[PDB]
Amino acid sequence: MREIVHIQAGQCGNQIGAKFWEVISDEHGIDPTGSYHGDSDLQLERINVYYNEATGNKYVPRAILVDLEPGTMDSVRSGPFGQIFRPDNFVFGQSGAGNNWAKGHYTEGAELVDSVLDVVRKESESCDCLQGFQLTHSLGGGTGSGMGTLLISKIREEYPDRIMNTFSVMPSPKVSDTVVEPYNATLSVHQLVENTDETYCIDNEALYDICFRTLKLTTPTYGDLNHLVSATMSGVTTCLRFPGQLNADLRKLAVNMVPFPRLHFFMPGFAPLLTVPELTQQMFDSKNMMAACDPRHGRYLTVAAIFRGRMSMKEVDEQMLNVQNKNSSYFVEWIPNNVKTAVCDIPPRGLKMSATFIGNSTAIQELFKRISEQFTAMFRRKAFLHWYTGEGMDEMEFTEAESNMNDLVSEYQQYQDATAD
Amino acid sequence: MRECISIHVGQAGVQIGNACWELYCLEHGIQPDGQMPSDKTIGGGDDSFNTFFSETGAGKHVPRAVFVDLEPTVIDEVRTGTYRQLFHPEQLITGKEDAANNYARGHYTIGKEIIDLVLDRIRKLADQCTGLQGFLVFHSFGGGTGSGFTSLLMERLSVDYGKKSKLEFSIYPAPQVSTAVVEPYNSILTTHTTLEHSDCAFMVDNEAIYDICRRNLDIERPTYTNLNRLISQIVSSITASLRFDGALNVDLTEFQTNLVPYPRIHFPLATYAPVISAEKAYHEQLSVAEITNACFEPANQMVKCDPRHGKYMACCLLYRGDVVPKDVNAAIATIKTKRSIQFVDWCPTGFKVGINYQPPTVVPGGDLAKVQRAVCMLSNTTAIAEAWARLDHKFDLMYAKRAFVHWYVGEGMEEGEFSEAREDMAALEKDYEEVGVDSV
Amino acid sequence: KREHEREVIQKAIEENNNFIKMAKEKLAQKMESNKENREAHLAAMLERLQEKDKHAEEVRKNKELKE
Ligand SMILES: Nc1nc2c(ncn2[C@@H]2O[C@H](COP(=O)(O)OP(=O)(O)OP(=O)(O)O)[C@@H](O)[C@H]2O)c(=O)[nH]1
Ligand SMILES: Nc1nc2c(ncn2[C@@H]2O[C@H](COP(=O)(O)OP(=O)(O)O)[C@@H](O)[C@H]2O)c(=O)[nH]1
Ligand SMILES: Cc1cc2nc(/C=C/c3cccnc3)sc2cc1C
Ligand SMILES: [Ca+2]
Ligand SMILES: [Mg+2]
Ligand SMILES: [Mg+2]
């Protein structure tokens, strides 16, 4: 009854989108053929949230695969859980984006956006009561950044009273594809701030550091990074896909997490990378964050913690109270009881118990400051601007995007320095 | 005659309704199919339990109740539960999309789309009454439906039924079981709005009930099921006079006369005893004296506050079970010479006593022990204003930064509604100070 | 005394009726004020999105005037 429409755009968006459906199908007991062969009825109670029930008791993912080139999307169809997706929901172009945000948002991506919207309507009208949308994409590319943010704007027109969430992947020089990524990121953020309700900052720099320093991987691949993304996305969607003490949809989740409309960029966390005190302490550890930001360099506006597996509910409450007392300074005082806790009985694959962290911290300004620093370093010398001005853009639009993100940083700092008295 | 219609709003209201109506059926010997073998009068009757149960030609005893929620998952469990045959489908009303913990969605955006249907269903119940006494509304403070839709309902009920009595059972938000951060907003908003539309409201602090379940029932982590079964016992005690006939029985409206000195001062403090497990109640009988003493222990109150630091304007003792006046009077006399019971100078200090001979019942598989006697104290104390104070302070912390307010403005509300609601609370807290001050 | 008895009971009716009248009017005011506010909120939101369309068309037009 509470459906979610999933959309994935660009290379990064599809690959992390593919891994997402792989992990959650395993948890809901769905084979690549689309049939159910689980063992628990708790795997099907909220199955309609991400899956459609078609002819032959098949569970087809309510997902829409978008890209401007057949390359990445063809790998999905050939890869595991490839035949489970609805073939008509495959909407791909040919000309490509060439890692250009302008081509994604204005030129190439705009020529394909209508054919994508048609697939969105078909999926949305089949919903009893649509919660909203979730988008997986990168901000440092062309299609996922340009056309990804374009899709958001167009959906906002047809579905203004629906929740629009994104799993955005932040660009990093450690895993840098091109060099023009700070531009694409800044332009993407300029759109995300205005047209999204919730945004999960999946920072690539954080993913690389976890794989290298913690997971001991000298040469991290995208498969290694996406393993962290899949586990994280699986965790933040747990309370939505599974029956528990928490009865809330995307909207109710946003109400408790977003105190101010613009400040809706969350810091994902996961543990481990085993007792409840240990699990809790690691969950708040800065080395377990999927965003390269130290929460002890800022303050928490709101926090959402999710525990999975069979454990002591009493002990969970004790440890969540214990961490707030010992770290009171890192939680704003003008928002009483800003830390909420959910518990699911069903653990992730391979683990006895785990914990997923969703933090709305002002320390995330460090992520934006990093992008802005890289942005202004190129924009002050007008580097590679012909890629964008050639598509119709002008320097004014670049300055506006820069000014908006710089404002966002000032806003996070304002509420960080804010006091009760 | 003297029928009472119950209305259960939102998740908290509905699930508490489940516990109460299950408990009622056990007290009156009503089977889950609605049959009552003891009821000899087939088709109807003027018995005391008929104030809460209507009768059909087939001998089915139907609750005079309406369940309303803006989303279906909670009431759906009632439709498929043990007592599914008890309620006619029309009594169970659901929407598709909830209020998302937003007062505005519950009162305006979503609520307006179902409010006419709800009133119509309520009208169908009222038309079956030969002398409708009033309404009992069960809701939470913190939920968008329980706050927003309730206030809309209370407003409409004042129009459709004039000054016909409306009583509230309200769930006061507590961090231990709360999963919403904007509950102080919704609480202040709904309290301001229903204030002039409610004749009497019994607040239930979830933290108070949470503590009692942990302390007195040895429950490590109390669930909603744990809380509600305890809450139902208090509700049963309060409504016992309406549902049972007795010689020593005192009508609730008669207690209400003493409980409400001024229209806005209509929030009684409820205290219940004994709350004890089967292990601890074994070979240990609790007398009238002991359970009466427990009423003046703050750890047994439905609301966390300190009556010792306030003043009494009324004190009612609602006994049920093996209880005679002699023992009550002796127990009261002992208490009056030991406890810190201080009355305001403008009202008598006597204790109004009622006794229902029907002994308490427990739900099978519950934690509460089967006791021979129980008592619920309803007192009007200025100390209950502390509950307003804690809630108002949480309100001020967030509103000073306008936190989460955009969720309300986006659904059509104005900042003026927030400030207006807060000022009303300010006056209310001020009202409780004024009534406690001595005369000239 | 008889006419006083009349005045009291008709004062009770008058006050009860005024309470219903006020409640009905206050509620009608609020539901109307809310409807206007929520519509204006969505009107402003769509107008911004329709402004992005105007800007997007100028972008494609600006590129067209370069070929
Ligand atoms: N005592 C008790 N409190 C409850 C119960 N269920 C919910 N609550 C409380 O109600 C508050 C949240 O409001 P809900 O009633 O759950 O939500 P709702 O009324 O359905 O409103 P929406 O979900 O926003 O549409 C929280 O503070 C909970 O602690 C219950 O079964 N018993
Ligand atoms: N974690 C992760 N990041 C990716 C993946 N593919 C691309 N990226 C990141 O996304 C950025 C490039 O975006 P891209 O995928 O080319 O977007 P596109 O142009 O729409 O296809 C680079 O900075 C990469 O670090 C992936 O599979 N996993
Ligand atoms: C308070 C709270 C909030 C919360 N929000 C979650 C995220 C849901 C989601 C899933 C997919 C896309 N966008 C959002 S999990 C969660 C758990 C708690 C306790
Ligand atoms: Ca009968
Ligand atoms: Mg690429
Ligand atoms: Mg609800």
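Note on naming: letters A, B, ... go to the chains in the order of the sequence lines (proteins, then strands), and numbering restarts at 1 for each one. Numbering of ligands and ligand atoms starts at 1, following listing order. Because only heavy atoms are used, hydrogens play no part in the values below, and waters and symmetry mates are left out as well, while side chains stay in.
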Among side-chain atoms of [X] and [Y], is any donor-acceptor pair under 3.5 angstrom?
| X | Y | value |
| --- | --- | --- |
| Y388(A) | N184(A) | yes |
| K394(B) | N337(A) | yes |
| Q11(A) | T72(A) | no |
| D367(B) | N226(B) | yes |
| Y408(B) | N186(B) | yes |
| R79(B) | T94(B) | yes |
| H107(B) | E411(B) | no |
| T221(A) | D224(A) | yes |

Side chain to side chain contact (heavy atoms under 4.5 Å, CB included) between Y172(B) and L391(B), worked out: CA-CA 9 Å; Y172(B) 185 91; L391(B) 205 45; 3.5 Å; yes
Heavy atoms only: which of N226(B), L230(B), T145(B) is nearest to atom 21 (O) of ligand 1? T145(B)
If hydrogens are left out, which of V182(B), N206(B), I171(B), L227(B) has an atom nearest to atom 1 (N) of ligand 1, that is, the closest non-hydrogen atom? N206(B)
What part of [X], side chain from CB on, backbone N/CA/C/O, both or neither, has a heavy atom under 4.0 Å from ligand 1?
| X | result |
| --- | --- |
| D69(B) | side chain |
| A100(B) | backbone |
| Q15(B) | side chain |
| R105(B) | neither |
| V177(B) | both |

Closest protein heavy atom (residue, atom, distance) for [atom]:
| atom | result |
| --- | --- |
| atom 32 (N) of ligand 1 | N228(B) OD1, 2.6 Å |
| atom 20 (O) of ligand 1 | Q11(B) N, 3.1 Å |
| atom 28 (C) of ligand 1 | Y224(B) OH, 3.4 Å |
| atom 26 (C) of ligand 1 | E183(B) OE2, 3.4 Å |
| atom 24 (O) of ligand 1 | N101(B) N, 2.6 Å |
| atom 19 (O) of ligand 1 | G146(B) N, 3.1 Å |
| atom 23 (O) of ligand 1 | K252(A) NZ, 2.7 Å |

Have a look at the Ca ion (ligand 4) and estimate, to 10 degrees, the angle subtended by OE2 (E55(B)) and OD1 (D39(B)). 110°
How wide is the angle at the Ca ion (ligand 4) between O of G44(B) and O of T41(B), to the nearest 10°? 90°
Backbone or side-chain N or O of [X] under 3.5 Å from ligand 1 N or O:
| X | answer |
| --- | --- |
| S140(B) | yes |
| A174(B) | no |
| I16(B) | no |
| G143(B) | yes |
| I231(B) | no |

Tell me whether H61(B) contacts the main-chain N or O of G59(B) through its side chain, where contact means a donor paired with an acceptor under 3.5 Å. yes
Hey, is there an N, O or S on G43(B) sitting under 3.0 Å from the Ca ion (ligand 4)? no
Taking backbone and side chain together, does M36(B) place any N/O/S atom at a distance below 3.0 Å from the Ca ion (ligand 4)? no
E97(B) and salt bridge (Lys or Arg N to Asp or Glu O under 4.0 Å): which single residue from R2(A), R162(A), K252(A) fits? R162(A)
Result for salt bridge (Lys or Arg N to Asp or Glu O under 4.0 Å) between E207(B) and one of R214(B), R390(B), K304(B) points to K304(B)
Aromatic ring centroids of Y185(B) and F404(B) under 6.0 Å? no
Determine, using ring centers only, whether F395(B) and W388(B) are less than 6.0 Å apart. no
Check for me: within less than 2.8 Å of the Mg ion (ligand 5), which protein N/O/S atoms show up? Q11(A) OE1
Quick check on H393(B): does its NE2 atom have over 12 non-hydrogen neighbours (other residues, nucleotides or ligands) under 6.0 Å away? no
